[PDB]
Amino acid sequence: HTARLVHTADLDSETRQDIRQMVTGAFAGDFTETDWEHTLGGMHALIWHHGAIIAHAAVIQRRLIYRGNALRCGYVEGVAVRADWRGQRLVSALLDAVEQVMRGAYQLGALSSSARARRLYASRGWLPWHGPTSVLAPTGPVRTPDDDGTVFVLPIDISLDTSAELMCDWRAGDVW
């Protein structure tokens, strides 16, 4: 149980489908077409057991604007461990892989965490954002209050004032 990293373009149709179905099941169905689209394009950390995917996390590239700078961010999407495999720290192995990618390629990692996972991210050195969050929408900056309190960041090569504004870039569905 060490995770393997595979870019989206290296997944065959069968594997891509196994991943989407496992993740959707792990979120008990609370996983939409846009949530799935948000897991695509970057590196997937995958753990298998007998040809079955039992754990997944994806890290995709985007920009987060902090103090006027568009920081190169590794954004974590779709972190999930199959229900019958929970409580064995498989998530720790997924994050070891995701974090290795962030140290090698990004200025910071970030994600919008489900409440049950917040203790886990904090224990690993992720920081909860306290300042107001926004998104740079096509019409300009728009606050995203529904996502306040869910965003976490992992600084790699920058010290951060986590009470400053933080503004993610645009996409469909949930922007955070």
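Note that residue numbering begins at 1 and tracks the sequence as displayed.
**Item:** Of 28-36 and 123-131, the one with larger mean CA B-factor
**Value:** 28-36 has the higher mean C-alpha B-factor.
**Request:** May I ask you to compare 48-56 and 61-69 by their mean CA B factor in the entry and name the higher one?
**Result:** In the deposited entry, the stretch with the higher C-alpha B-factor mean is 48-56.
**Prompt:** From 11, 154, 164, 23, can you pick the one with the highest C-alpha B factor in the entry?
**Reply:** Checking the PDB record, the top C-alpha B-factor among 11, 154, 164, 23 is at 11.
**Ranked against its chain, the third holding the CA B-factor of residue 74** = Within its chain, residue 74 is a lowest-third residue by C-alpha B-factor, going by the deposited values.
**Request:** Going by the recorded CA B-factors, say which third of the chain residue 144 sits in, lowest, middle or highest.
**Result:** Within its chain, residue 144 is a middle-third residue by C-alpha B-factor, going by the deposited values.
**Prompt:** Where does residue 3 sit by CA temperature factor within its chain: lowest, middle or highest third?
**Reply:** Residue 3: CA B-factor falls in the highest third of its chain.
**Prompt:** Which third of the chain does residue 136 land in by C-alpha B-factor: lowest, middle or highest?
**Reply:** Middle third of the chain for residue 136's C-alpha B-factor.
**Relative C-alpha B-factor of residue 111, binned into the chain's lowest, middle or highest third** = According to the entry, residue 111 has a C-alpha B-factor in the chain's lowest third.
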